[PDB]
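Protein chains in written order, with the deposited numbering: chain R, 10 to 149; chain i, 32 to 128; chain F, 108 to 294; chain b, 2 to 100; chain T, 47 to 212; chain M, 68 to 182; chain 3, 94 to 188; chain c, 31 to 107, 119 to 145.
Ideal placement from N, C-alpha and C gives every residue a C-beta, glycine not left out.
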Amino acid sequence: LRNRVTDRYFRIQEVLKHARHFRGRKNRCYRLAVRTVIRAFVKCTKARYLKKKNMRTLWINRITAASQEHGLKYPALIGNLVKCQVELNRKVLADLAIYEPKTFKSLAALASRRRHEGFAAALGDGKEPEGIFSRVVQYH
Amino acid sequence: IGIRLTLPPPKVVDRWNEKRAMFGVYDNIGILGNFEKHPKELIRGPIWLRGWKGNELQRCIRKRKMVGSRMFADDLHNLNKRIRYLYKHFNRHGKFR
Amino acid sequence: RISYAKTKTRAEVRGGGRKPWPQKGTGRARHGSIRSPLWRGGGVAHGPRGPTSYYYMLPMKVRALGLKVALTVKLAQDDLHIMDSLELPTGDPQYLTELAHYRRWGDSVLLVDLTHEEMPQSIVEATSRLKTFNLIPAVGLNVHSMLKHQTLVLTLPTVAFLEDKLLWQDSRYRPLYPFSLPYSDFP
Amino acid sequence: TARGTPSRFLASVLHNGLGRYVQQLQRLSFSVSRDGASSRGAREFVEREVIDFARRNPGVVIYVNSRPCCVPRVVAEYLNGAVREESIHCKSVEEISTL
Amino acid sequence: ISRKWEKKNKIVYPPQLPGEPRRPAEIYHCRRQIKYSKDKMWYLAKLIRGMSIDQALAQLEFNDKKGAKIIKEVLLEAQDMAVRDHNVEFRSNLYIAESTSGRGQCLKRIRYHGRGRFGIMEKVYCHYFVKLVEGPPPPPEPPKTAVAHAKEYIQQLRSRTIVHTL
Amino acid sequence: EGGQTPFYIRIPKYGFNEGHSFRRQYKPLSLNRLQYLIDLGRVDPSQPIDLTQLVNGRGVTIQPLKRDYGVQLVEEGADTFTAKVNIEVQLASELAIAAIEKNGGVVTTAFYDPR
Amino acid sequence: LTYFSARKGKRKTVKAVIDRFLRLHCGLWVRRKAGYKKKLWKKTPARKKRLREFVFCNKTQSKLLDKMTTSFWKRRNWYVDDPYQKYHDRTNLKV
Amino acid sequence: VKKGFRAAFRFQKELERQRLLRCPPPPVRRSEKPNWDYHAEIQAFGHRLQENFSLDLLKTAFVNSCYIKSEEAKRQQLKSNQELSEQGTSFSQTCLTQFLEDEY
RNA sequence: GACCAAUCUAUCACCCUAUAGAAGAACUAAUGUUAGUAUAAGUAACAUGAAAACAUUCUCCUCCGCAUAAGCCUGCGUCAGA
RNA sequence: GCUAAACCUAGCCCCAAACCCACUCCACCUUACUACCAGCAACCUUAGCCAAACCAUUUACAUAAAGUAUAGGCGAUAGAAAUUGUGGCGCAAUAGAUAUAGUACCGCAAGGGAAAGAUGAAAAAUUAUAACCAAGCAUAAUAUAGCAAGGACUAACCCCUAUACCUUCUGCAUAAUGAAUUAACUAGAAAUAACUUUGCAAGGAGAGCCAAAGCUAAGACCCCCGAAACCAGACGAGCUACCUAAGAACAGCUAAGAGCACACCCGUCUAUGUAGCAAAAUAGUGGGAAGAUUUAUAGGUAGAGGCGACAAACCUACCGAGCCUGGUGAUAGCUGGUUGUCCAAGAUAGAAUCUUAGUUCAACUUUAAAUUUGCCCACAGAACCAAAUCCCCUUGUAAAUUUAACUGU
Ligand SMILES: [Mg+2]
Ligand SMILES: [Mg+2]
Ligand SMILES: [Mg+2]
Ligand SMILES: [Mg+2]
Ligand SMILES: [Mg+2]
Ligand SMILES: [Mg+2]
Ligand SMILES: [Mg+2]
Ligand SMILES: [Mg+2]
Ligand SMILES: [Mg+2]
Ligand SMILES: [Mg+2]
Ligand SMILES: [Mg+2]
Ligand SMILES: [Mg+2]
Ligand SMILES: [Mg+2]
Ligand SMILES: [Mg+2]
Ligand SMILES: [Mg+2]
Ligand SMILES: [Mg+2]
Ligand SMILES: [Mg+2]
Ligand SMILES: [Mg+2]
Ligand SMILES: [Mg+2]
Ligand SMILES: [Mg+2]
Ligand SMILES: [Mg+2]
Ligand SMILES: [Mg+2]
Ligand SMILES: [Mg+2]
Ligand SMILES: [Mg+2]
Ligand SMILES: [Mg+2]
Ligand SMILES: [Mg+2]
Ligand SMILES: [Mg+2]
Ligand SMILES: [Mg+2]
Ligand SMILES: [Mg+2]
Ligand SMILES: [Mg+2]
Ligand SMILES: [Mg+2]
Ligand SMILES: [Mg+2]
Ligand SMILES: [Mg+2]
Ligand SMILES: [Mg+2]
Ligand SMILES: [Mg+2]
Ligand SMILES: [Mg+2]
């Protein structure tokens, strides 16, 4: 032959190194190993958004469970927390609820106070308390 | 397995060989040798071609019309078959037309 | 360069022509003539056919410009050298090698002369027993040999002949017919 | 491909952030080639960048093998014992400096 | 071709010191080219693994199988070599440690079907390896009782940490 | 074109290049070209301006093949022309003939066979 | 079309095009409208006058005719007396 | 016989790596390896911790008694680390006790 | 459009790399071809009449057997090992 | 570790150079390897596939002139002269000649056709290298669940996810074909013309060819396997159909191309067999069995033919006309495939076509370049027998025309 193939086994090894823990011929035969590695890479690249959504849902469920244990709901709690210029993501909320029950208890108390103040305002239109905890701090 | 095991021996190569040290020498004799011999006559190869690029079919027709008078029977038949196949594939089969 | 590789196509291959296992008969893959590129030991589908040749000429002015460029490169690079007569006091390769090493020339000193008939026996014998130094007449000067070697050596007559033959290429009329003809003005 | 690849929890080698800061890089061995077009970048580095790099942090010692090598490599050892033997085959001076 | 089991018998270890164990002597032996299948040889090997040499020979002497006599002769030759060459005093203090049986170099023949066809008839050949280690045989791994299962469950429940957080 | 009458067949025939293999042809020769040649040295006016002199000076490169039987003349450089020399060209017009004669020249015509 | 001949190994020109067309150095192909010599009694004078006039070719048609010809036909035409002498060269053009 | 060479070299390197992975040799001291320095390495180690101290004393602080005995036995065919180590451990214990008493 | 695994050629290299010239220059498939090996699978098919001193005897069947034209060429005798 | 994996040297292709071989001893045209005895032999236009989308006349066997004249269902095409003038940028046992050899094997016949081997200085070295590299197994069998993989997890499973690849077609896991892996072989050769860069310039090229800025030189572009089927001569009546010469067979019983019934000839039916005993077998019921009966031996009838109690049946297992050779690597609007990484632009109104499974033009799309207007645009302008549409300044913008290319729809 003329300048035939002389560097093929290394390609097979590089393709199989990612298949050193599969079942069946997927960890030996190159034909099926190629498709297996391709599918594995595609799924690993597509599962990032799924992982993000799963983590978000898990944090939401944890915060809802903490609120229920403290005596509140997740939507109302989030609304009251947002209605106080106290922006806090869900990860920190879950971490506090897990490793800081007193912090989450104080946060739930503040949320309930804000809820009651908003209800009183909507009922009587203020005049002129405007909620001691309400009244956002203006900026310029 | 397709790949062998033991490496090969040291492929010795004499860069200063008699032909390498004299490769290309005595060429271009026309531009300075008051034009006495064309470089196309320096190459040592076939007799039917010695300074004409051409193509496959053209080279085959050349070899036929220049050596076909003293070629073997089987060789001449194979050359004729090759010429006919090349013609049928070029002047009919292909693309861009 | 003139290639020489030649394969055997499916037609030029010996044997074959029948029809093993008919189409609608056996349940094997459809096949026609044995020795096909899909079989073992058959002919090559596409390959080198006959001895090819990548021959093609270039303008003489392009060659002259290339030679001038090679000369300028060998000169500006502190590699060119001019002499008066390629002679030696004895004619031993050891003496020439020692002189080249002392003068800090290099290893591959390309010596050039003219005529080829006026070569002295001393330098001839000194160069006919080495692998780096080679005696080549001015008539046989190219670019490959100049770029392959390190330094270059020339003499007054060689330089004059080279300059004349490289300047004649400039300021000339059309060839009309091959320059091999006698020509009046041209010698 | 995490299931088929080992993992490790984030941590430090000695909590250098608390007290003093110790350079984790230990030594550097350059295998430059004198005659060879496959180490021009490494040569230019060892010429006009290695001195500045060594003087910018005296807590690291660098060596220069300068042996007949066909592929220039760099051995980056560490205190814990890890070794990162990388290759710098055909690389600009800026790329080698950044690496 | 690849002979190695016969070469393993020439391994040499350095001289042991007084403050060191006895190190049970290992034995290696195998017969090449055996006109027999491989699945039955592996069955016989699995049958003769944890048992000693005496029980192995006793079971082989009453095993209606062609390979039984071959395995018995192989074990007898291995015991003789161990008592003679490898230097071993006790003849019954040897037990089987490893036993396999791989295929050999097979030929090819024709069977001739009832039509214009046929099939390849390979001459299945096999081998037989055995490893006899000095000393008495080890006891069989007893089944884990309920206490072991409870301990494993308690360990698994105690070795669990929070997930997806600090 | 799939089977229909191709475009290059639907057009009828005509005697366009009928006798094209025999129609005499001559390379044009401009008076400005002659003046430029005389000024650049080649084709000196001290000798007859025969076809050999023009071929040597390489002013109008012709070819024996291609049904060419000499060289013709053109009345381009009618003005700013001063050569004064016997010119020999196969064809010539009255305008250029007079333009050359008034300058002291002698216009003539000949016929060169193929060989 | 014959891309490669069987004797010399070169291209071949279709004589039909050479007989039904006319080459010009300017890069255009001249032709003649068909029907200029059949059923002339039923054609109105305007139609007969329009049919007795030459016509040029399109870009694709000109390229096809060129492909069907060789470089030999692209030579000049310094005829002693030809009516198409003032058409081989095109002057006054800006894209 | 494939006309490959670089692929053969890569395969030989892979086989050498596999052999090294098979029977890995014992971990030899880094001092015996080729690329190694003593004075420069000691200076780099001293400058890494960000301070300044004598070099001869630091060198002597690394010489043990068993090492000196082995060197003498080999030569038959540079002080010690007793007082220095004692002072170091005493100072470390005192500092740790003081810190624990001041903070706890 | 930008790169690039393998080879030969001219160039310092020389624990394997660079500049240009060439493609029989780069396989998960063409009921593709060659070589070994899984799959049904140890599944389908299969023979050797009985006792015994291995001398010998017993049970059953037979349209089969004898020599030859056609046809084969040493093809169940001895000697040693399989 | 069983089985395995590599070695490279014998030899092959090209021309470069000469023009080659050929009876020791017997034997060889009769039945070839046969010591021996009365009878004609020779010279033959090659056809055919294929392209014109069929196909009859038609289609090929140093340089320039010139792919010109000329011939041609004047269309697909064919195409002259006078003049001129001693090594491999090769192959290294699936490659190279098929070759260790034209060897068995199919075979009565023409005819087709492969591999043997691997360390070396001593195999008259005992004694083995370093195990490691694919496919099948042992060391080491499985433990809810579901394209065999991911996020993970302190952990294997347990938690959530997602309908194998390629080709076709508007549409896919689809139940449309392809597939058991591994190692080797295996599928884009270039053209008038065009684009980019070198050198000179109204000239260049190492005669010939082109010139109202041109030419030269280089770089870059045109796949494989697959039928039915024809021509000319060999090989084929040892089985089948017919003919020719000389021979053989037909118990017995009842009594004449008579009847039953041995041997014997063929097989109307059942059952088994269906990769079996057999690429056409086993039992009786079946017709004949001194006659149009069967058969041992030899010769003759060969494909546009022979033969034929016509079954258009047979002619060596497949005969609506057996195989081989050389034309045929035939052709083919048709099935299948057409090998490494990454970036960008990238969906078509219709017409013709012995045509709608195919081709061309047009239209869409891509590249380099010169030009200036490209789209919604506002008053208005645009017919007697409803949503609407065309031109359209300022206004948003940056798009549009053309030139030279060429694949793709
Ligand atoms: Mg989200
Ligand atoms: Mg053939
Ligand atoms: Mg072949
Ligand atoms: Mg039609
Ligand atoms: Mg493969
Ligand atoms: Mg299939
Ligand atoms: Mg395949
Ligand atoms: Mg089964
Ligand atoms: Mg029996
Ligand atoms: Mg055809
Ligand atoms: Mg046809
Ligand atoms: Mg002639
Ligand atoms: Mg071969
Ligand atoms: Mg071969
Ligand atoms: Mg394996
Ligand atoms: Mg998976
Ligand atoms: Mg595909
Ligand atoms: Mg397809
Ligand atoms: Mg469709
Ligand atoms: Mg399916
Ligand atoms: Mg121009
Ligand atoms: Mg017969
Ligand atoms: Mg009959
Ligand atoms: Mg019936
Ligand atoms: Mg059946
Ligand atoms: Mg009847
Ligand atoms: Mg009867
Ligand atoms: Mg009777
Ligand atoms: Mg036939
Ligand atoms: Mg064929
Ligand atoms: Mg084909
Ligand atoms: Mg059709
Ligand atoms: Mg299909
Ligand atoms: Mg391929
Ligand atoms: Mg895009
Ligand atoms: Mg029609």
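> Secondary structure at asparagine 153 (chain M), three-state DSSP: helix, strand or coil?
Replying inline: Looking at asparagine 153 (chain M) - three-state DSSP - the assignment turns out to be strand.
> Using a beta-carbon distance below 8 Å, is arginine 13 (chain R) in contact with chain c?
Replying inline: The beta carbon of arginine 13 (chain R) falls within 8 Å of a beta carbon belonging to chain c, placing the residue at that interface.
> How big is the Cα-Cα spacing for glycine 154 (chain F) and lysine 115 (chain F)?
Replying inline: Our two residues, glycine 154 (chain F) and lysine 115 (chain F), have alpha carbons roughly 9 Å apart in a direct line.
> Excluding five sequence neighbours on each side, which residues of the same chain lie with their C-beta closer than 7 Å to the C-beta of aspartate 277 (chain F)?
Replying inline: Here the set comprises nothing.
> Using 8 Å as the threshold, is the segment 85-100 of chain M in touch with the segment 166-183 of chain 3, meaning 3 or more CB pairs across them?
Replying inline: Look at the beta carbons and you see the segment 85-100 of chain M touching the segment 166-183 of chain 3: at least three pairs across the two are nearer than 8 Å.
> Based on the DSSP output, what are the partners of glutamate 144 (chain T) in its beta bridges?
Replying inline: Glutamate 144 (chain T) pairs with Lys177 (chain T).
> Whose C-beta lies closer than 6 Å to the C-beta of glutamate 144 (chain T) among residues of the same chain, with five residues either side of it excluded?
Replying inline: So the qualifying residues of the chain are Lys177.
>> What residue range does the alpha helix (DSSP H) around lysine 89 (chain c) cover?
In response: It spans 86-90 - the alpha helix (DSSP H) in which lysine 89 (chain c) sits, taken as one unbroken run.
> Mind pulling the chain R residues with CB within less than 7 Å of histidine 210 (chain T)?
Replying inline: Taking the beta carbon of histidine 210 (chain T) as reference, the chain R residues within 7 Å of it are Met64, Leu67, listed in sequence order.
> Does DSSP put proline 244 (chain F) in a helix, a strand or coil?
Replying inline: In the structure shown, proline 244 (chain F) sits in a strand (DSSP, three-state: E or B).
>> Contact criterion: CB-CB distance below 8 Å. Does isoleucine 107 (chain R) meet it with respect to chain T?
In response: Interface residue (Cβ-Cβ distance to chain T less than 8 Å): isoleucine 107 (chain R) is classified as such.
>> I want to verify the contact list: residues of chain F whose CB lies under 9 Å from the CB of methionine 53 (chain i), in sequence order.
In response: In chain order: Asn241, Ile243, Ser252.
> Nearest CA to the CA of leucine 107 (chain M): which residue from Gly126 (chain M), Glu168 (chain M), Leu118 (chain M)?
Replying inline: Cα-wise, what sits closest to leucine 107 (chain M) is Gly126 (chain M).
> Considering only the beta carbon of each residue, do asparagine 94 (chain c) and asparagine 122 (chain c) sit closer than 8 Å?
Replying inline: Yes. Within cutoff.
>> ligand 13 and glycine 148 (chain F): does any heavy atom of the ligand fall closer than 7 Å to the residue's C-beta?
In response: Yes, ligand 13 has a heavy atom inside 7 Å of this Cβ.
>> Between the alpha carbons of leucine 217 (chain F) and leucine 186 (chain 3), how many angstroms are there, rounded?
In response: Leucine 217 (chain F) and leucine 186 (chain 3) have their C-alpha atoms roughly 58 Å apart.
> Which of the three DSSP states, helix, strand or coil, is assigned to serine 133 (chain c)?
Replying inline: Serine 133 (chain c) carries a helical assignment under DSSP once its states are collapsed to helix, strand and coil.
>> If distances are taken between C-alpha atoms only, which option among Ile109 (chain F), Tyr209 (chain F), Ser215 (chain F), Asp185 (chain F) comes closest to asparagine 241 (chain F)?
In response: Selected option, being the one with the closest Cα: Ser215 (chain F).
> Hey, how far is the Cα of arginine 69 (chain T) from the Cα of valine 134 (chain T)?
Replying inline: Take the alpha-carbon of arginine 69 (chain T) and the one of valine 134 (chain T): they are about 13 Å apart.
>> For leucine 187 (chain F), report the span of its beta strand (DSSP E) as first-last.
In response: Counting along the chain, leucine 187 (chain F) sits inside the beta strand (DSSP E) bounded by residues 187-190.
> If we ignore side chains and look at the alpha-carbon of each, how far apart do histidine 251 (chain F) and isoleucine 74 (chain i) end up?
Replying inline: Taking the Cα positions, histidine 251 (chain F) is about 16 Å away from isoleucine 74 (chain i).
> Does residue 1 (chain b) get closer than 8 Å to chain c when you measure Cβ to Cβ?
Replying inline: Given a span of 2 to 100 for chain b in the structure shown, any question on residue 1 (chain b) remains unanswerable.
> Under 8 Å between C-beta atoms, does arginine 20 (chain R) make it to chain i?
Replying inline: Taking Cβ atoms only, chain i never reaches closer than 8 Å to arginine 20 (chain R), which makes this a no.
> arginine 128 (chain i) touches chain 3 at which residues, Cβ-Cβ below 9 Å?
Replying inline: By Cβ distance, chain 3 contributes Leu94, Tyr96, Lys160.
> Hey, does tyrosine 79 (chain b) have any beta-carbon neighbour from chain c nearer than 8 Å?
Replying inline: Output row for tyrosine 79 (chain b): interface = no.
> Do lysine 32 (chain c) and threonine 15 (chain R) have their C-beta atoms within less than 8 Å of each other?
Replying inline: In contact: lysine 32 (chain c) and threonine 15 (chain R) (Cβ atoms closer than 8 Å).
>> Using beta carbons (cut-off 8 Å, strictly below), is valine 188 (chain 3) in contact with chain M?
In response: At a cut-off of 8 Å between beta carbons, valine 188 (chain 3) makes no contact with chain M.
> Closest Cβ-Cβ distance between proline 77 (chain i) and chain F: below 8 Å?
Replying inline: Yes, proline 77 (chain i) counts as interfacial toward chain F.
>> ligand 16 and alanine 49 (chain R): does any heavy atom of the ligand fall closer than 7 Å to the residue's C-beta?
In response: Yes; taking the cut-off as 7 Å, the Cβ of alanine 49 (chain R) has a heavy atom of ligand 16 nearer than that.
> By DSSP, does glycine 127 (chain R) sit in helix, in strand, or in coil?
Replying inline: Residue state, collapsed to three classes: helix.
>> At a cut-off of 7 Å, would you count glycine 123 (chain F) as near ligand 30, judging by its Cβ distance to the nearest heavy atom?
In response: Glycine 123 (chain F) has its Cβ no nearer than 7 Å to any heavy atom of ligand 30.
>> Is there a C-beta anywhere in chain 3 that falls below 8 Å from the one on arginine 100 (chain M)?
In response: The beta carbon of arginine 100 (chain M) sits no closer than 8 Å to any beta carbon of chain 3.
> Is DSSP giving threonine 54 (chain R) helix, strand or coil here?
Replying inline: Three-state result, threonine 54 (chain R): helix.
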